[PDB]
Amino acid sequence: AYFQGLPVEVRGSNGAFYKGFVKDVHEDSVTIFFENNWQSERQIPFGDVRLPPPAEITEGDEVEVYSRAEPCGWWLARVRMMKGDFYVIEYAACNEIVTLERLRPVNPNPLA
């Protein structure tokens, strides 16, 4: 009851984090719906779950980028260069030019 609809982020097999919402909480996992799929419940172990970030990007900063390699997920990256509103980033999983809507500081929340 208490955790109904809690937003969480879930580690995919690709290392990226995907948004889901809690339905039930068990001793060792949660039942969730992934974002844009309210029909299929999915069970995720706590070691694959973190809370989403609490509610300034400069060159060199570690960031996360919202990308597909699939649904979009948050991927770990670094800002190699910025000029105006263009950001040049490199993925920790592997350059891409993105705008600021695609970026956030690294979620400070650890896996549960």
# chains A, B, ... in the order shown; residues from 1 in each chain; ligands from 1
call {"tool": "residues_around", "arguments": {"residues": "segment 72-85 of chain A", "least_positions_apart": "6", "cutoff": "8 Å", "atoms": "only C-alpha atoms", "output": "NGL selection string"}}
result
:A and (15-19 or 58-66 or 91-93 or 99-100 or 106)
call {"tool": "write_last_selection", "arguments": {"atoms": "N, CA and C atoms", "output": "PDB file, in the first residue's frame"}}
result
ATOM      1  N   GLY A  15      23.831  -1.619 -18.220  1.00  0.00           N
ATOM      2  CA  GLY A  15      24.367  -0.700 -17.228  1.00  0.00           C
ATOM      3  C   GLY A  15      23.621   0.636 -17.039  1.00  0.00           C
ATOM      4  N   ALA A  16      22.816   0.995 -18.021  1.00  0.00           N
ATOM      5  CA  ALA A  16      21.998   2.209 -17.995  1.00  0.00           C
ATOM      6  C   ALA A  16      20.821   2.087 -16.973  1.00  0.00           C
ATOM      7  N   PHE A  17      20.332   3.234 -16.504  1.00  0.00           N
ATOM      8  CA  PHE A  17      19.157   3.281 -15.613  1.00  0.00           C
ATOM      9  C   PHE A  17      17.844   3.731 -16.237  1.00  0.00           C
ATOM     10  N   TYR A  18      16.796   2.976 -15.923  1.00  0.00           N
ATOM     11  CA  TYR A  18      15.489   3.185 -16.580  1.00  0.00           C
ATOM     12  C   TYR A  18      14.449   3.531 -15.539  1.00  0.00           C
ATOM     13  N   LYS A  19      13.566   4.424 -15.906  1.00  0.00           N
ATOM     14  CA  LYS A  19      12.515   4.834 -14.936  1.00  0.00           C
ATOM     15  C   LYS A  19      11.403   3.756 -14.811  1.00  0.00           C
ATOM     16  N   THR A  58      29.510  21.896 -16.016  1.00  0.00           N
ATOM     17  CA  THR A  58      30.653  22.551 -16.665  1.00  0.00           C
ATOM     18  C   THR A  58      31.587  21.505 -17.264  1.00  0.00           C
ATOM     19  N   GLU A  59      32.468  21.904 -18.191  1.00  0.00           N
ATOM     20  CA  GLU A  59      33.394  20.949 -18.855  1.00  0.00           C
ATOM     21  C   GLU A  59      34.147  20.102 -17.855  1.00  0.00           C
ATOM     22  N   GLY A  60      34.365  18.840 -18.208  1.00  0.00           N
ATOM     23  CA  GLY A  60      35.078  17.929 -17.338  1.00  0.00           C
ATOM     24  C   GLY A  60      34.180  17.132 -16.395  1.00  0.00           C
ATOM     25  N   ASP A  61      33.004  17.685 -16.057  1.00  0.00           N
ATOM     26  CA  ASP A  61      32.025  17.076 -15.133  1.00  0.00           C
ATOM     27  C   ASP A  61      31.538  15.714 -15.582  1.00  0.00           C
ATOM     28  N   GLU A  62      31.417  14.791 -14.621  1.00  0.00           N
ATOM     29  CA  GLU A  62      30.684  13.526 -14.809  1.00  0.00           C
ATOM     30  C   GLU A  62      29.221  13.903 -14.862  1.00  0.00           C
ATOM     31  N   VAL A  63      28.488  13.314 -15.807  1.00  0.00           N
ATOM     32  CA  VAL A  63      27.063  13.574 -15.940  1.00  0.00           C
ATOM     33  C   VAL A  63      26.362  12.286 -16.312  1.00  0.00           C
ATOM     34  N   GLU A  64      25.029  12.343 -16.370  1.00  0.00           N
ATOM     35  CA  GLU A  64      24.276  11.271 -17.004  1.00  0.00           C
ATOM     36  C   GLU A  64      23.547  11.863 -18.173  1.00  0.00           C
ATOM     37  N   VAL A  65      23.400  11.079 -19.221  1.00  0.00           N
ATOM     38  CA  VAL A  65      22.749  11.512 -20.444  1.00  0.00           C
ATOM     39  C   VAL A  65      21.577  10.577 -20.746  1.00  0.00           C
ATOM     40  N   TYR A  66      20.509  11.170 -21.223  1.00  0.00           N
ATOM     41  CA  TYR A  66      19.310  10.469 -21.520  1.00  0.00           C
ATOM     42  C   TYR A  66      19.357  10.057 -22.988  1.00  0.00           C
ATOM     43  N   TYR A  91      30.716   8.719 -23.546  1.00  0.00           N
ATOM     44  CA  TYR A  91      30.095   7.686 -22.732  1.00  0.00           C
ATOM     45  C   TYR A  91      31.117   6.824 -22.018  1.00  0.00           C
ATOM     46  N   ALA A  92      30.789   6.498 -20.770  1.00  0.00           N
ATOM     47  CA  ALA A  92      31.559   5.576 -19.968  1.00  0.00           C
ATOM     48  C   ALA A  92      31.470   4.161 -20.551  1.00  0.00           C
ATOM     49  N   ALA A  93      30.374   3.874 -21.259  1.00  0.00           N
ATOM     50  CA  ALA A  93      30.187   2.580 -21.917  1.00  0.00           C
ATOM     51  C   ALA A  93      31.026   2.407 -23.207  1.00  0.00           C
ATOM     52  N   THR A  99      22.219  18.634 -26.425  1.00  0.00           N
ATOM     53  CA  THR A  99      21.836  19.899 -25.800  1.00  0.00           C
ATOM     54  C   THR A  99      21.521  19.609 -24.329  1.00  0.00           C
ATOM     55  N   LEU A 100      21.323  20.657 -23.530  1.00  0.00           N
ATOM     56  CA  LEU A 100      21.279  20.507 -22.082  1.00  0.00           C
ATOM     57  C   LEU A 100      20.092  19.678 -21.556  1.00  0.00           C
ATOM     58  N   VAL A 106      25.176  13.473 -12.099  1.00  0.00           N
ATOM     59  CA  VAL A 106      25.085  12.055 -11.763  1.00  0.00           C
ATOM     60  C   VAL A 106      24.179  11.927 -10.540  1.00  0.00           C
TER      61      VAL A 106
END
call {"tool": "residues_around", "arguments": {"residues": "residue 22 of chain A", "least_positions_apart": "4", "cutoff": "8 Å", "atoms": "only C-alpha atoms", "output": "count of residues only"}}
result
10
call {"tool": "select_by_dssp", "arguments": {"residues": "chain A", "states": "strand (DSSP E)", "output": "PyMOL selection string"}}
result
chain A and resi 7-11+17-25+29-34+42-45+49-50+62-67+73-83+86-91+96-98+103-105
call {"tool": "closest_residue", "arguments": {"among": "A:21, A:105, A:1, A:55", "to": "residue 42 of chain A", "atoms": "only C-alpha atoms"}}
result
A:21
call {"tool": "closest_residue", "arguments": {"among": "A:14, A:29, A:67, A:107", "to": "residue 43 of chain A", "atoms": "only C-alpha atoms"}}
result
A:29
call {"tool": "closest_residue", "arguments": {"among": "A:89, A:35, A:9, A:56", "to": "residue 109 of chain A", "atoms": "only C-alpha atoms"}}
result
A:9
call {"tool": "closest_residue", "arguments": {"among": "A:48, A:90, A:96, A:101", "to": "residue 13 of chain A", "atoms": "only C-alpha atoms"}}
result
A:48
call {"tool": "residues_around", "arguments": {"residues": "residue 27 of chain A", "least_positions_apart": "6", "cutoff": "12 Å", "atoms": "only C-alpha atoms", "output": "VMD selection string"}}
result
chain A and resid 43 to 47
call {"tool": "write_last_selection", "arguments": {"atoms": "N, CA, C and O atoms", "output": "mmCIF file, in the first residue's frame"}}
result
data_model
loop_
_atom_site.group_PDB
_atom_site.id
_atom_site.type_symbol
_atom_site.label_atom_id
_atom_site.label_comp_id
_atom_site.auth_asym_id
_atom_site.auth_seq_id
_atom_site.Cartn_x
_atom_site.Cartn_y
_atom_site.Cartn_z
ATOM 1 N N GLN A 43 9.475 -7.870 -11.764
ATOM 2 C CA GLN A 43 10.106 -7.968 -10.476
ATOM 3 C C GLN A 43 11.589 -7.701 -10.573
ATOM 4 O O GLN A 43 12.250 -8.337 -11.385
ATOM 5 N N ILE A 44 12.103 -6.782 -9.728
ATOM 6 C CA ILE A 44 13.452 -6.270 -9.853
ATOM 7 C C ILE A 44 14.087 -6.431 -8.480
ATOM 8 O O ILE A 44 13.502 -5.987 -7.485
ATOM 9 N N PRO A 45 15.287 -7.054 -8.402
ATOM 10 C CA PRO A 45 15.971 -7.167 -7.117
ATOM 11 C C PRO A 45 16.461 -5.812 -6.608
ATOM 12 O O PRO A 45 16.833 -4.933 -7.411
ATOM 13 N N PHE A 46 16.455 -5.613 -5.305
ATOM 14 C CA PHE A 46 16.948 -4.348 -4.741
ATOM 15 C C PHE A 46 18.305 -3.892 -5.201
ATOM 16 O O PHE A 46 18.524 -2.682 -5.255
ATOM 17 N N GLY A 47 19.221 -4.814 -5.512
ATOM 18 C CA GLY A 47 20.571 -4.456 -6.024
ATOM 19 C C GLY A 47 20.576 -3.826 -7.419
ATOM 20 O O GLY A 47 21.589 -3.323 -7.888
#
call {"tool": "closest_residue", "arguments": {"among": "A:97, A:12, A:49, A:70", "to": "residue 25 of chain A", "atoms": "only C-alpha atoms"}}
result
A:49
